[PDB]
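Each residue of the sequence shown is one higher than the one before, counting from 1 in PDB author numbering.
Quick reminder that beta carbons are idealized off the backbone N, C-alpha and C, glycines included.
Below is one structure, written out as C-alpha cells, with a few remarks after it.
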Amino acid sequence: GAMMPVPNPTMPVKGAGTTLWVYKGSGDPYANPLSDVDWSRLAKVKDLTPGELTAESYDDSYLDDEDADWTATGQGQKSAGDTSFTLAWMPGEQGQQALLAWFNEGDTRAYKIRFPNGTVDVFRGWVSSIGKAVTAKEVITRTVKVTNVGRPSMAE
C-alpha cells in the first residue's frame, strides 16, 4: 500500500463506545469474568479485524468409543490467531502506560473487545505492533496488532 503517516479517511461513526478490556487473576476466566473485579479497560478501539488462524485447531471434538475412560485425548498448543485493531488516545485519557508496559513486558495477555451488536469477543496473545503514536487535530491515533508465536514467514 502507501503506509501513509496520517490515519485512513474511513472511520466509525460517533455513536457506540467501542473499547477493549483486559482481565486477570483466577476463577471463571472465560466462563463469566464479568463477576470478578479484574475488569481493566485499556483504551478506545476504533475498529477490530478478527483475522483467521488457518491452524489445525477446532472446537470440542469429543467422541466416545467402547466406553473409553480418557485413555486417549487430542489437544495441541497451536498459537495462531492474531488480532488487528486500531487505537486512539484523546487529550486527557488513560492507556499510555498500558501500551508502553505491554510492549515493554513482552508477555502474553488475554483481552476482549465489545461489539456494537451487544456481544463480546475474547482474544489472547502478546502485542507485537507498538511504537510511536500519530498526533492530529489534538487527537492521538495508533494501529495495534497482536501477533502470537507460531510458524515462520511464508515460503517465498
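- Counted as a single uninterrupted DSSP element, the stretch harbouring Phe115 is not any alpha helix (DSSP H), since DSSP gives it neither H nor E.
- The Cβ-Cβ distance between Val22 and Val134 does not fall below 8 Å.
- Shown here, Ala136 sits in a strand according to DSSP, grouped into three states.
- Under the three-state reduction of DSSP output, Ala101 falls in the helix class.
- When the alpha-carbon of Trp39 is set against those of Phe115, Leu20, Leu99 and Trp70, the nearest one is in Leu20.
- Put simply, of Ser153, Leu100 and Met4 the residue whose alpha carbon is nearest the alpha carbon of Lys132 is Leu100.
- The alpha-carbon of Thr73 is positioned some 10 Å away from that of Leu63.
- The Cβ atoms of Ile130 and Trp102 lie closer than 8 Å to each other.
- By the neighbour-count criterion, in which 16 or more other beta carbons inside 10 Å mark a residue as buried, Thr108 falls on the exposed side.
- Pairing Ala16 with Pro116 gives a Cβ-Cβ distance under 8 Å.
- Its chain contains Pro91 as the residues whose beta carbon lies nearer than 6 Å to that of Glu138, once the 5 sequence neighbours on both sides are disregarded; these appear in chain order.
- A Cβ-Cβ separation of about 6 Å places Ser84 in contact with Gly51 under the 8 Å criterion.
- Within the same chain, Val122 come within 8 Å of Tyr30 by CB-CB distance, once the 5 residues on both sides are set aside.
- Residue pairing of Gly125 in beta bridges, as defined by DSSP: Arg109.
- According to the DSSP assignment, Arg41 belongs to the beta strand (DSSP E) that extends over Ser40 to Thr49.
- A straight-line Cα-Cα distance of about 48 Å links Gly95 and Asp69.
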